[PDB]
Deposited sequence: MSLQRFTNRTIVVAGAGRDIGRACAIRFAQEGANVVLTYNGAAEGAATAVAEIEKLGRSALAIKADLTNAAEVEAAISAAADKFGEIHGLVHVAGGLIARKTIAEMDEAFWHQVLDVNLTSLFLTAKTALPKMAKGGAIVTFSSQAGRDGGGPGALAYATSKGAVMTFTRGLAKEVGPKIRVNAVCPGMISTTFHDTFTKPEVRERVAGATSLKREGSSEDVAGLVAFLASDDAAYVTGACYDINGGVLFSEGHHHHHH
């Protein structure tokens, strides 16, 4: 009952980790808004969540698109009211390329899906979030060490996401907490995320919580 009568937006909830987060919050009593760009994973989950007695909404959204992010956030707020949690799962390697292979468009595609998207969701969600609310971002070991062969653009965006998370923490607290998970199965990851989004972590903000999974 950690998320009783609470509304959680999981941004990028279509597969794997985001999907597992969506369900875990429902298992703990939350209304859950799922976003996706890519629909089966999300629909399923919506059904799983309804089967639990709980409420959910699935919304198509390209998270690099300021307008579709506004539309998604607004639907969530209009349906359930105050947002208690934003979990921003979207991101990805895209592909492996050395710098000689990357063109400017590819660089921006990676930075946009991992980093710009988070700027958009956090920016849009914040004015709607409940006092005591919380944001959880996803960083990566690649952000700390520079990443493996061909993953330069993705590593860079994750390091950015780590710095952004600490900076936003200071900017929006005490009202709103902001923490990163640095990723064991999808549901293990979701246990950690649910901890960070819960009042169990009322005094945790600006931090990176690592998990083998």
Checklist outcome for this item: The deposited sequence goes unmodelled at 1-3, 42, 188-216, 247-259
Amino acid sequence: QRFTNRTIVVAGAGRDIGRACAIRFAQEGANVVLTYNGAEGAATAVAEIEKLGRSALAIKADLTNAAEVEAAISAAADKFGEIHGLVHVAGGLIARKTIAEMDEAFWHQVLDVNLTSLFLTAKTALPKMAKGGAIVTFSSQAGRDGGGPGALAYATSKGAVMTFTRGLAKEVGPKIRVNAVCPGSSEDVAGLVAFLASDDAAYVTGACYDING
From here on, numbers count along this sequence of modelled residues.
Checklist entry - On average, which has the higher Cα B-factor in the deposited entry, 22-30 or 156-164? => result 22-30
Checklist entry - Given the B-factors recorded for C-alpha atoms, which segment has the greater mean, 170-178 or 40-48? => result 40-48
Checklist entry - If you check the C-alpha B-factor for each of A142, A77, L115, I135 in the entry, which is highest? => result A77
Item to check | From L93, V87, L126, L120, residue of greatest CA B-factor | outcome: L93
Next on the checklist: Test of reading the entry: by CA B factor among the chain's modelled residues, which third contains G14?
Outcome noted: highest
